[PDB]
Participant: 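Once you've had a glance at the structure underneath, I'll fire off some questions.
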Amino acid sequence: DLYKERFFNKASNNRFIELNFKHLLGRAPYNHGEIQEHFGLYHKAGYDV
Amino acid sequence: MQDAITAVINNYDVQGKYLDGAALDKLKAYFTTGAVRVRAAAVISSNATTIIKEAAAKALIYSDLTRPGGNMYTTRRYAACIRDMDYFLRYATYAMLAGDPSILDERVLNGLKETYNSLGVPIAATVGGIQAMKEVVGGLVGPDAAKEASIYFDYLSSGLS
Amino acid sequence: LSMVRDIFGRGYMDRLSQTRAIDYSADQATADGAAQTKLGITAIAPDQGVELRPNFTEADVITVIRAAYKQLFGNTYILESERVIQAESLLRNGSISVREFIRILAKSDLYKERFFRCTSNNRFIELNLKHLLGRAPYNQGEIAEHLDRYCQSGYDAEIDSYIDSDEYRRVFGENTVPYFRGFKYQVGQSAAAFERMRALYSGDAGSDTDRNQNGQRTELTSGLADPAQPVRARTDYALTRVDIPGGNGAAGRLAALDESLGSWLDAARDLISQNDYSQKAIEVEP
Amino acid sequence: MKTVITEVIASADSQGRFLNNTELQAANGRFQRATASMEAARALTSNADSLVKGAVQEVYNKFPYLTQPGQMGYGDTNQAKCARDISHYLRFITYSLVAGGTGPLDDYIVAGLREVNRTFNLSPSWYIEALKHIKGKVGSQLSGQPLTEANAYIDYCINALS
Amino acid sequence: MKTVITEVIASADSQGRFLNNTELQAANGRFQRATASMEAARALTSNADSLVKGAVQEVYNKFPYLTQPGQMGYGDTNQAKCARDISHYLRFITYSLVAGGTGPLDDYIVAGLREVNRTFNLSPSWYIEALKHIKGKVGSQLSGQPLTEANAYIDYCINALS
Amino acid sequence: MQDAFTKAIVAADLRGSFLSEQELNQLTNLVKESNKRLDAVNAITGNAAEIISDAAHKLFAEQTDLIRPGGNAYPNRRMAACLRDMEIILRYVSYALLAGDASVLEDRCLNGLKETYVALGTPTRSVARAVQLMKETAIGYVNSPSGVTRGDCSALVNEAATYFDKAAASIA
Amino acid sequence: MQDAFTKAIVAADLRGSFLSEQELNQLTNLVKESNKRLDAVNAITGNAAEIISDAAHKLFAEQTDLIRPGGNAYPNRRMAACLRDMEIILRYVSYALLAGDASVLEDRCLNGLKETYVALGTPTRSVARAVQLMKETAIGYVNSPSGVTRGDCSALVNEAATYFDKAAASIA
Amino acid sequence: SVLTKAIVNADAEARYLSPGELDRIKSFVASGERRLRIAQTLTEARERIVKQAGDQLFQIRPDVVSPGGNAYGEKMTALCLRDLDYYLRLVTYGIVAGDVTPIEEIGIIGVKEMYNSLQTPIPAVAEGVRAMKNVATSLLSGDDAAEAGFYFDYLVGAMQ
Amino acid sequence: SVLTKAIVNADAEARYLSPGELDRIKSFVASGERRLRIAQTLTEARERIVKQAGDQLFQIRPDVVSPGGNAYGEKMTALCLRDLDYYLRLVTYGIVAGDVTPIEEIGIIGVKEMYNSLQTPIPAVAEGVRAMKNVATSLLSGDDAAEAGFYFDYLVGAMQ
Amino acid sequence: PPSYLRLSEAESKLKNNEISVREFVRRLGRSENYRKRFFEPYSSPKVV
Ligand SMILES: CCC1=C(C)/C(=C/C2=NC(=C\c3[nH]c(/C=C4\NC(=O)[C@H](C)[C@H]4CC)c(C)c3CCC(=O)O)/C(CCC(=O)O)=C2C)NC1=O
Ligand SMILES: CCC1=C(C)/C(=C/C2=NC(=C\c3[nH]c(/C=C4\NC(=O)[C@H](C)[C@H]4CC)c(C)c3CCC(=O)O)/C(CCC(=O)O)=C2C)NC1=O
Ligand SMILES: CCC1=C(C)/C(=C/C2=NC(=C\c3[nH]c(/C=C4\NC(=O)[C@H](C)[C@H]4CC)c(C)c3CCC(=O)O)/C(CCC(=O)O)=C2C)NC1=O
Ligand SMILES: CCC1=C(C)/C(=C/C2=NC(=C\c3[nH]c(/C=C4\NC(=O)[C@H](C)[C@H]4CC)c(C)c3CCC(=O)O)/C(CCC(=O)O)=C2C)NC1=O
Ligand SMILES: CCC1=C(C)/C(=C/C2=NC(=C\c3[nH]c(/C=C4\NC(=O)[C@H](C)[C@H]4CC)c(C)c3CCC(=O)O)/C(CCC(=O)O)=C2C)NC1=O
Ligand SMILES: CCC1=C(C)/C(=C/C2=NC(=C\c3[nH]c(/C=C4\NC(=O)[C@H](C)[C@H]4CC)c(C)c3CCC(=O)O)/C(CCC(=O)O)=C2C)NC1=O
Ligand SMILES: CCC1=C(C)/C(=C/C2=NC(=C\c3[nH]c(/C=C4\NC(=O)[C@H](C)[C@H]4CC)c(C)c3CCC(=O)O)/C(CCC(=O)O)=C2C)NC1=O
Ligand SMILES: CCC1=C(C)/C(=C/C2=NC(=C\c3[nH]c(/C=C4\NC(=O)[C@H](C)[C@H]4CC)c(C)c3CCC(=O)O)/C(CCC(=O)O)=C2C)NC1=O
Ligand SMILES: CCC1=C(C)/C(=C/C2=NC(=C\c3[nH]c(/C=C4\NC(=O)[C@H](C)[C@H]4CC)c(C)c3CCC(=O)O)/C(CCC(=O)O)=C2C)NC1=O
Ligand SMILES: CCC1=C(C)/C(=C/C2=NC(=C\c3[nH]c(/C=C4\NC(=O)[C@H](C)[C@H]4CC)c(C)c3CCC(=O)O)/C(CCC(=O)O)=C2C)NC1=O
């Protein structure tokens with residue numbers, strides 16, 4: 001909930017997906033295909049996957 | 001700017017509606033208070049200088065504000081401050097005549113909060129200067145006009161805070 | 001000009017002046033017209049003590065009996081079967097003074113059951129001073145002298161010691177019902193007697209028999225032994241520990257700046273006194 | 001604060017008793033009397049300015065020496081505090097008129113009067129003479145029961161000062 | 001801010017999921033429980049004044065030395081800031097009662113508590129003793145499920161401070 | 001102690017002023033309605049016993065726990081205390097009603113009362129209710145009396161209610 | 001109640017000892033200066049009324065708010081209370097001065113006084129000032145009296161001042 | 001200062017300081033040591049100058065300390081001398097810099113509007129300043145008294 | 001006038017008069033006879049009006065007519081009432097014109113500078129005008145007294 | 001100007017750098033104070 005309350009619970013999916021790239025991978029999103037792939041996974045399988 | 005009457009006209013114009021019963025009732029509610037607004041403006045205008053002096057005396061001077069280190073220290077800044085006070089009084093008198101606060105937004109509040117932050121002008125102290133002029137005004141204008149004058153001073157002061 | 005010559009010269013000749021005496025304006029800022037007496041004491045400020053005089057019909061005797069019962073037993077209900085009908089009959093017949101009627105009521109088994117059997121000896125002394133003398137204890141030594149007299153001479157002799165006191169005779173005489181006095185400063189009275197009387201006097205609605213967690217505890221004795229305190233105000237009047245914020249006016253700042261201003265202040269006052277400004281010649285106009 | 005209403009209520013309370021016909025009859029007196037009282041009050045209220053200046057002066061005319069230097073009717077501050085004081089008295093007279101009793105006078109002017117006057121070297125004689133004068137002029141501002149009321153309270157102050 | 005409602009919504013959202021019977025059952029608990037909670041809240045609200053003065057004093061009675069000079073229970077400002085602080089706790093207890101969860105306590109008093117208390121030389125023991133006392137007196141203002149609720153949150157604060 | 005006039009006077013004095021023509025006429029109106037006021041106070045006095053009795057019957061009808069052992073209106077001693085308090089409060093409400101001001105009620109009766117009851121274990125909510133019932137019946141009497149001249153007493157009925165409501169609020 | 005000797009005795013007793021030759025001579029000196037002390041107490045008694053009056057005139061000269069409505073020395077009742085307190089404090093200061101010890105002042109007058117005034121709404125800073133003015137005038141009199149033998153009373157003037165200063169500090 | 005004034009004019013013609021607008025600076029530097037000394041001397045006697053100025057003022061214009069006067073009363077007089085203390089301070093600043101500069105921004109621009117609001121009679125403030133000239137000037141050598149006097153007469157001039 | 005004001009705004013925007021502008025000319029001209037009557041009454045009582053203004057003034061400010069007062073003396077008072085006569089005249093002009101154009105060019109623009117030079121206290125001139133309002137207004141019907149009163153309060157306003 | 005026409009709010013707008021000097025000049029050109037005193041009395045040819 002430390003990560004979830006701060007970076008997921010009050011932002012949209014674009015801010016959340018780009019914050020995942022900054023925190024976990026340490027780099028910025030590369031194209032629109034990286035974001036349109038990840039949010040499809042979020043809607044299909046939830047935040048844990 | 002807009003007043004009571006043009007507020008209604010423009011609200012209907014965007015719908016392309018002729019004025020209907022609800023509109024006509026609003027305009028009546030303005031016209032029926034009109035003579036009282038005029039009398040109140042003549043009291044404020046003719047006591048302008050005394051209102052500022054009594055408002056400053058209750059809410060600004062005899063204080064750290066007027067002492068070295070204070071924002072209304074120096075004849076320059078004291079003059080700028082009571083100059084401002086005159087603006088507020090004068091425009092509130094316009095808003096109250098018009099029966100619409102839109103002029104207070106267009107010609108007074110827009111950017112003023114940040115202008116004061118940028119110069120260091122104390123906001124809370126300025127609000128007290130506004131609410132002291134209201135206090136004086138409400139005595140001078142009487143039962144007829146007290147509530148109606150008061151609201152545009154309150155509009156001004158919640159516009160800064 | 002001419003309107004000047006005629007309606008204007010003599011007129012200026014000092015008549016024009018006479019002077020400029022008049023006013024005053026205001027006028028302390030804040031509120032409080034004779035209120036303070038709001039702390040439940042409005043009825044009491046100085047409560048009006050009931051004197052019963054001779055050749056009295058009855059209505060006066062019934063009023064004195066009600067006042068004496070309200071003073072000795074507080075606002076506590078007394079059953080008609082609990083009233084000392086013999087003492088009321090002796091007072092109605094003028095056979096006893098109001099003082100001796102109070103002695104009979106204070107020695108009664110009802111006063112012994114309510115105030116002596118239900119309460120600690122120190123609280124019984126605090127209450128006897130309240131009921132019989134209308135005041136709080138001045139010193140812990142006064143509670144000790146009454147406690148030693150009680151231990152040596154028993155109950156009825158302690159009651160007589162309050163009623164035969166020169167203080168009782170000087171303040172109530174023989175014909176006045178005791179009334180609450182601790183809200184006045186008397187000559188020789190401790191300033192703490194007011195605060196202690198207020199702690200003992202919970203207002204007119206107060207019951208001295210209240211078995212709820214404080215009424216049987218010594219309200220005053222905790223404080224007395226030493227330097228430590230004040231009285232519980234049940235505390236919605238002692239401002240519930242207002243922490244004394246400090247009534248200090250905007251002038252506070254002037255004081256600070258003029259402290260430099262204060263060097264000029266003296267010069268102000270100092271030249272004012274050598275000087276009077278009645279002089280108005282002012283110009284020279286060479 | 002002593003009024004007919006507070007007095008009867010005080011007397012009921014102290015006997016643990018509801019207000020009865022005795023006490024309500026009393027109250028009716030106070031209410032029936034309000035018209036005369038309040039007429040006196042309005043007349044004393046609007047003439048206050050001149051009643052005060054009239055009485056102030058009369059204190060100096062009756063005690064000429066007061067207005068010489070070194071004396072207590074000299075200089076702006078003494079003469080100012082005098083007008084004020086008579087004004088206080090007239091004010092409480094109007095209050096007593098409106099209230100239906102001497103309470104306002106008892107609580108705000110009578111309680112403590114002599115101690116104060118004695119510490120400050122204020123002679124009651126002045127104040128009696130201020131009030132005697134006010135009583136003279138109020139003879140032609142009022143009549144009938146409003147005058148009797150005005151008189152009742154002016155005289156009450158004069159007795160408080162003797 | 002943690003309430004039963006926010007918790008179930010958070011759990012749904014994080015699985016990208018509509019609220020289902022599991023989550024609505026949960027919510028019914030919070031709503032069914034509101035009556036007891038809000039009774040506790042009203043009682044704690046109106047007694048606030050005395051609950052605070054009672055607990056403040058008890059801190060000095062249990063730690064006598066605090067009230068001596070040179071100490072942190074001395075002078076108007078310390079004793080003032082103390083009453084205020086206990087008042088903050090009771091305030092958030094009522095909020096937690098009304099809200100249906102510990103959120104208000106977690107967000108406004110628990111997050112950061114120790115760092116603050118450690119920088120300012122404030123011993124938790126005082127605050128525990130303030131709360132233990134408040135718990136003693138709330139035994140006779142409430143009973144049944146309102147008392148259990150009041151207790152739940154008072155105890156929650158005491159555990160936060162240990 | 002204050003009455004409605006005395007209150008005016010205290011506020012005027014705090015300004016340093018003779019009473020305002022505003023305040024004067026407010027008080028002229030109180031004198032105008034004073035016969036009605038006397039009837040209203042008389043309505044309560046003339047039915048005090050029944051007002052208390054009827055309030056009482058109904059209080060214990062609702063709250064049968066008070067008259068069980070363990071209950072705060074049991075045994076006879078406690079019931080007599082409860083009946084006595086009902087009378088005391090009705091009495092100070094009638095005083096306030098003659099006065100046109102709540103102060104005697106607040107200062108001599110309501111001040112400290114809640115804390116007394118809590119110390120005693122007396123259930124304040126039940127006491128508040130007993131006061132609400134006295135109000136219903138008292139006003140009943142103010143509104144429907146013996147051969148009083150017909151007119152409108154609603155202003156006075158309201159004011160009486162606020163005194164009953166002050167007491168209730170103060171105690172609950 | 002203590003005086004300067006009694007104080008010595010209490011401290012000696014707490015050691016379990018007969019008075020030290022140190023303490024003996026300190027007390028021999030108090031007896032040495034006792035005629036001066038009697039004149040000093042007499043200076044205050046002989047001008048009590050003027051000391052209070054003059055302090056008073058000057059207090060209200062400075063603080064003209066106290067004598068306006070609401071102000072705490074308005075109306076006559078409050079002014080008489082304020083004049084009375086000025087006398088009470090001057091009285092206990094004179095007692096301390098005869099005694100050579102502040103205890104009667106602290107125990108019978110100053111103990112609880114501040115909290116009394118705060119409860120009452122009496123402005124303590126004004127009361128402190130009235131005490132400072134009494135001090136100025138009282139000492140004036142101690143220093144310049146009717147045909148007293150010429151000598152040095154500064155030790156006693158200091159001690160009197162500390163009693164005035166105790167009271168001021170205790171109250172403000 | 002003299003520096004500020006010279007420079008501000010310089011940047012205005014996109015030019016370099018010329019051989020005249022250098023000579024004044026040199027004069028000022030030599031003058032400044034003397035100028036600094038005069039200000040220090042004035043500062044030492046400030047309380048005496050103000051007080052004696054205040055007596056000289058109220059004799060010449062008793063009306064300001066009278067019933068309908070702006071400075072009537074003990075604390076309306078206290079503020080009046082404080083204003084006289086303000087202006088003496090600004091006069092020491094003006095002398096030291098060698099140019100009036102800062103004093104203008106601190107105490108004349110806006111002064112009409114300030115005092116009109118307070119209803120202070122401006123020309124009697126000008127008199128209070130003349131009174132200070134008279135006192136201050138009696139504590140300085142002839143040459144230094146003149147140099148000081150220019151700055152007093154400026155303030156007197158600006159309140160006009 | 002109302003005419004001059006309307007037209008000047010018309011010409012400056014290069015246009016014919018508005019319905020509004022035409023309406024006010026019509027309402028104005030309808031009040032012609034009434035406005036002329038208001039001026040006549042006041043012209044007819046001019047000597048009485050200044051005097052009563054002059055008494056009201058010297059009670060309220062006995063100082064102006066005192067040693068250090070601008071109007072001190074018989075001929076310093078004569079000129080003062082003459083100035084009061086001037087302003088009443090201008091007020092009659094304004095009332096018949098229906099605006100201030102004439103009042104303004106003749107007696108307010110430049111008035112601060114004139115009176116500052118003469119050292120006349122401006123705000124006590126404003127009082128003299130209030131005093132004239134009070135007298136003049138007591139010789140006119142309620143409706144006409146208000147219409148006149150606007151022009152008195154304007155002059156009072158402009159001396160500010 | 002003897003505290004005349006001037007620029008209430010005009011001065012604060014020019015300083016503050018809310019308005020630039022060219023702009024302030026343009027405001028000054030179209031104003032009553034200007035129309036009167038330079039266009040109030042002249043045929044259409046010398047005013048230009
Ligand atoms: C916080 C919750 C949340 C929202 C609301 C959300 C919106 C959202 N919609 C998106 C795309 C989209 N959204 C639509 C929606 C529409 N197309 C239409 O023509 C219709 C008008 C409309 C359907 C009613 C389409 C077509 C795209 C894909 C656009 C593209 O890639 O070309 C994207 C880009 C990433 C992606 O394609 O997955 C985001 C972030 N994302 C989120 O995380
Ligand atoms: C350093 C620049 C500077 C100056 C000079 C200045 C003056 C100044 N003078 C003031 C008042 C005052 N000043 C005076 C002065 C006078 N009365 C007279 O009649 C005489 C003509 C004159 C004395 C020579 C008086 C009487 C007041 C009180 C006016 C009032 O309170 O209404 C006040 C308001 C009180 C305050 O809050 O300080 C200010 C700010 N402020 C500044 O920042
Ligand atoms: C020590 C025990 C004791 C006794 C014995 C006693 C007797 C006594 N009876 C009294 C009155 C009285 N006693 C009676 C008795 C009677 N009237 C008749 O006609 C009958 C013949 C008789 C009843 C059998 C009456 C009527 C009064 C009232 C007299 C009055 O006030 O007019 C009074 C006057 C005080 C009062 O009225 O309370 C006393 C002291 N008091 C005591 O303390
Ligand atoms: C232990 C010895 C002792 C002291 C010292 C004492 C002080 C004291 N002063 C009091 C009131 C008072 N004290 C004053 C004094 C003053 N008013 C002013 O404006 C001046 C600044 C000042 C006089 C110099 C006044 C006016 C009151 C009455 C306040 C009121 O009731 O409104 C009261 C409240 C009770 C009463 O009014 O009698 C106490 C207890 N009481 C004591 O028993
Ligand atoms: C100033 C006027 C005044 C009031 C208002 C007053 C209230 C009051 N009520 C009391 C007791 C009481 N009051 C009640 C009242 C009730 N019990 C219930 O269950 C009901 C809810 C309620 C009746 C409606 C009872 C039962 C007691 C006795 C408590 C006990 O001793 O256990 C007591 C304790 C002393 C005594 O028992 O006589 C006081 C002081 N006292 C006063 O002097
Ligand atoms: C609320 C009711 C109330 C009254 C009645 C009242 C009287 C009163 N008059 C006072 C003073 C005074 N009273 C006067 C009276 C007069 N001087 C004259 O020229 C005449 C001879 C006379 C008028 C007839 C004078 C001169 C003083 C100043 C005494 C002094 O401080 O030396 C003072 C001392 C405080 C002060 O200096 O103001 C009080 C309390 N105060 C009150 O609060
Ligand atoms: C929103 C919830 C919240 C809490 C709980 C809170 C606690 C808190 N208590 C503080 C101080 C304090 N707290 C106390 C507490 C006490 N003093 C005593 O007499 C007793 C021993 C004790 C009460 C039991 C004291 C004395 C200080 C002043 C510490 C200092 O600045 O030296 C401060 C430092 C800022 C300040 O000085 O006010 C915080 C933040 N602040 C918050 O915002
Ligand atoms: C002994 C003390 C005393 C009392 C009690 C008193 C009552 C009294 N009530 C009166 C009127 C009245 N009283 C009422 C009262 C009511 N009308 C209703 O319909 C309600 C049921 C009731 C509400 C309280 C009304 C409506 C009038 C007639 C209007 C009026 O005189 O104000 C009158 C005027 C004469 C009359 O019209 O009968 C008197 C004298 N006078 C007194 O001196
Ligand atoms: C009735 C009670 C009583 C009194 C009052 C009393 C006074 C008294 N004061 C004395 C001396 C004196 N009293 C003073 C007092 C002063 N010197 C000053 O210059 C100061 C103004 C003043 C300060 C308080 C001095 C200096 C002496 C002479 C030295 C001494 O004897 O200690 C003496 C010694 C005889 C003498 O030299 O005159 C007596 C008996 N004796 C008594 O039995
Ligand atoms: C037409 C609408 C309008 C308004 C309202 C307005 C306000 C305004 N106030 C300003 C400055 C200022 N405003 C103040 C005001 C105050 N000082 C205080 O201490 C008090 C709290 C307060 C008076 C009550 C001061 C002292 C300055 C000068 C800041 C500086 O020195 O630069 C400035 C900067 C330009 C200038 O100095 O004139 C503007 C534009 N401008 C506008 O165009």
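Heavy atoms only: backbone and side chains are in, while hydrogens, waters and symmetry mates are out. Indexing begins at 1, ligand by ligand and atom by atom, following the structure's order. The sequence lines fix the lettering, A, B, ..., with proteins before strands; numbering per chain opens at 1.
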Participant: Which of the atoms in ligand 5, numbered in the order shown and given with their element, are less than 4.0 Å from a heavy-atom of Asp204(C)?
Facilitator: 1 (C), 43 (O)

Participant: Under 3.5 Å between some N or O of ligand 5 and some N or O of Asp85(F)?
Facilitator: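 Yes, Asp85(F) has an N/O under 3.5 Å of an N/O on ligand 5.
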
Participant: Mind checking salt bridge (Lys or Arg N to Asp or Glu O under 4.0 Å) for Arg91(F) and listing every partner two or more places apart, or none if nothing turns up?
Facilitator: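 Once residues adjacent in sequence are excluded, the partners of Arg91(F) under the salt bridge (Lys or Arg N to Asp or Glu O under 4.0 Å) criterion are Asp13(D).
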
Participant: Using distance alone, decide if ligand 5 has a nitrogen or oxygen within less than 3.5 Å of any nitrogen or oxygen in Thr116(F).
Facilitator: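 So ligand 5 has no N or O lying under 3.5 Å from an N or O of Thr116(F).
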
Participant: In ligand 8, which numbered atoms sit nearer than 4.0 Å to a non-hydrogen atom of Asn28(D)?
Facilitator: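 Per the distance check, 43 (O).
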
Participant: What protein heavy atom lies closest to atom 2 (C) of ligand 8? Include the residue and the distance to one decimal.
Facilitator: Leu24(D) CB, 3.7 Å

Participant: Among all the protein's non-hydrogen atoms, which is closest to atom 26 (C) of ligand 5, and how far away is it?
Facilitator: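 Protein heavy atom with the smallest distance to atom 26 (C) of ligand 5: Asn72(F) O, 2.9 Å.
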
Participant: Checking side-chain polar atoms at under 3.5 Å, does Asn28(D) have a donor or acceptor matched by the opposite partner on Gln32(D)?
Facilitator: no

Participant: Would you verify that at least one protein heavy atom lies under 4.0 Å from atom 31 (O) of ligand 1, or report that none does?
Facilitator: yes

Participant: Could you identify the single nearest non-hydrogen protein atom to atom 17 (N) of ligand 8 and state the distance to 0.1 Å?
Facilitator: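 Here the closest protein heavy atom is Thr149(F) O, 2.9 Å.
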
Participant: For ligand 5, does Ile89(F) get within less than 4.0 Å through its side chain, its backbone, both, or neither, judged by non-hydrogen atoms?
Facilitator: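 The answer is neither.
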
Participant: Can you find a protein heavy atom under 4.0 Å from atom 37 (O) of ligand 1?
Facilitator: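 Yes, there is a protein heavy atom closer to it than 4.0 Å.
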
Participant: Under 4.0 Å, counting heavy atoms only: does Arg211(C) come that close to any atom of ligand 5?
Facilitator: no

Participant: When you measure from atom 27 (C) of ligand 5 to every protein heavy atom, which one gives the shortest distance, and what is it?
Facilitator: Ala81(F) CB, 3.5 Å

Participant: Using a strict cut-off of 4.0 Å, indicate which atoms of ligand 5 neighbour a heavy atom of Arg108(F).
Facilitator: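 Per the distance check, 1 (C).
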
Participant: So which heavy atom in the protein is nearest atom 10 (C) of ligand 5, and how far is it from that ligand atom?
Facilitator: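 Of every protein heavy atom, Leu120(F) CD1, 3.7 Å lies nearest to atom 10 (C) of ligand 5.
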
Participant: Check whether the side chains of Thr122(F) and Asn72(F) place a donor and an acceptor atom closer than 3.5 Å, and report yes or no.
Facilitator: yes

Participant: Whether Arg30(D) engages the ring of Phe5(F) as a cation-pi pair (distance to the six-membered ring centre under 6.0 angstrom, angle to the ring normal within 45°) should be assessed.
Facilitator: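 Positive - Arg30(D) is close enough to the ring of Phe5(F) and near enough to its axis.
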
Participant: Tell me whether the rings of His23(A) and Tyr3(A) are parallel (<30°), tilted (30 to 60°) or perpendicular (>60°).
Facilitator: perpendicular

Participant: Which residue and non-hydrogen atom of the protein lie closest to atom 5 (C) of ligand 5, and at what distance in Å?
Facilitator: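 For atom 5 (C) of ligand 5, the nearest protein heavy atom is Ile88(F) CG2, 3.7 Å.
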
Participant: Please list, in number order, the atoms of ligand 5 under 4.0 Å from a heavy atom of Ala205(C).
Facilitator: 1 (C), 2 (C), 3 (C), 6 (C), 40 (C), 41 (N), 42 (C), 43 (O)

Participant: For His38(A) and ligand 1, answer yes if some heavy atom of the residue is under 4.0 Å from a ligand atom, otherwise no.
Facilitator: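 No; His38(A) lies far enough from ligand 1 that no heavy-atom distance drops under 4.0 Å.
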
Participant: In terms of residue, atom name and distance, what is the protein heavy atom nearest to atom 7 (C) of ligand 8?
Facilitator: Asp39(F) OD2, 3.5 Å

Participant: With respect to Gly151(F), determine whether any N or O atom, backbone or side chain, lies less than 3.5 Å from an N or O atom of ligand 8.
Facilitator: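 Yes, at least one N or O pair falls under 3.5 Å.
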
Participant: Quick one: which ligand 5 atoms are inside 4.0 Å of a heavy atom on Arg77(F)?
Facilitator: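 With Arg77(F) as reference, the close atoms of ligand 5 come out as 30 (C), 31 (O), 32 (O).
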
Participant: Among all protein non-hydrogen atoms, which one is nearest to atom 40 (C) of ligand 8, and what is the separation to 0.1 Å?
Facilitator: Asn35(F) OD1, 3.3 Å

Participant: Mark up the atoms of ligand 8 that fall under 4.0 Å of a heavy atom belonging to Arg150(F), in ascending order.
Facilitator: 19 (O), 26 (C)

Participant: Please state which part of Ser207(C) comes within less than 4.0 Å of ligand 5, counting heavy atoms only: side chain, backbone, both or neither.
Facilitator: both

Participant: Check ligand 5 against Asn75(C) and write out every atom of the ligand that is under 4.0 Å from a heavy-atom position of the residue.
Facilitator: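 Per the distance check, 1 (C), 2 (C), 3 (C), 42 (C), 43 (O).
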
Participant: Is there a donor-acceptor contact under 3.5 Å linking the side chains of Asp165(F) and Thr162(F)?
Facilitator: no

Participant: At what distance is the nearest protein heavy atom to atom 20 (C) of ligand 5, and which residue and atom is it?
Facilitator: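 Going by distance alone, atom 20 (C) of ligand 5 is nearest to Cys82(F) SG, 3.3 Å.
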
Participant: In terms of residue, atom name and distance, what is the protein heavy atom nearest to atom 34 (C) of ligand 5?
Facilitator: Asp210(C) OD1, 2.8 Å

Participant: Who's the nearest protein heavy-atom neighbour of atom 1 (C) of ligand 8, and how far?
Facilitator: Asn21(D) ND2, 3.5 Å

Participant: Determine whether the side chains of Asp54(F) and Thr137(F) contain a donor N or O and an acceptor N or O closer than 3.5 Å.
Facilitator: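 Checked: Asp54(F)/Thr137(F) side chains pair up, N/O donor to acceptor below 3.5 Å.
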
Participant: State whether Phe115(C) and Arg117(C) meet the cation-pi test: NZ (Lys) or CZ (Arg) under 6.0 Å from the six-membered ring centroid, and within 45° of the perpendicular axis.
Facilitator: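 So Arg117(C) doesn't make the cation-pi contact.
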
Participant: Of the protein's non-hydrogen atoms, which lies at the shortest distance from atom 24 (C) of ligand 8, and what is that distance?
Facilitator: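 Answer, as residue, atom name and distance: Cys153(F) SG, 2.7 Å.
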
Participant: Counting heavy atoms only, which part of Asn143(F) comes closer than 4.0 Å to ligand 8: side chain, backbone, both or neither?
Facilitator: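 Contact part for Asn143(F) vs ligand 8: backbone (N, CA, C, O).
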
Participant: List ligand 8 atoms under 4.0 Å from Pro145(F), heavy atoms only on the residue side.
Facilitator: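 Answer for ligand 8: 21 (C).
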
Participant: As an exercise, identify every atom of ligand 5 less than 4.0 angstrom from a heavy atom of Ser126(F).
Facilitator: 21 (C)

Participant: Identify, for atom 15 (C) of ligand 8, the protein heavy atom at the shortest distance, and state residue, atom and that distance.
Facilitator: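 Closest protein heavy atom to atom 15 (C) of ligand 8: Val148(F) CG1, 3.2 Å.
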
Participant: Measuring to protein heavy atoms, does anything land under 4.0 Å from atom 22 (C) of ligand 1?
Facilitator: no

Participant: Just distances here: any N/O of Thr122(F) and N/O of ligand 5 closer than 3.5 Å?
Facilitator: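 For ligand 5, there is no N or O atom that lies under 3.5 Å from one belonging to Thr122(F).
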
Participant: Identify, for atom 42 (C) of ligand 8, the protein heavy atom at the shortest distance, and state residue, atom and that distance.
Facilitator: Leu38(F) CD1, 3.6 Å

Participant: Any atom of ligand 5 sitting under 4.0 Å from a heavy atom of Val127(F)?
Facilitator: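 For ligand 5, residue contact (heavy atoms, under 4.0 Å) with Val127(F) is present.
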
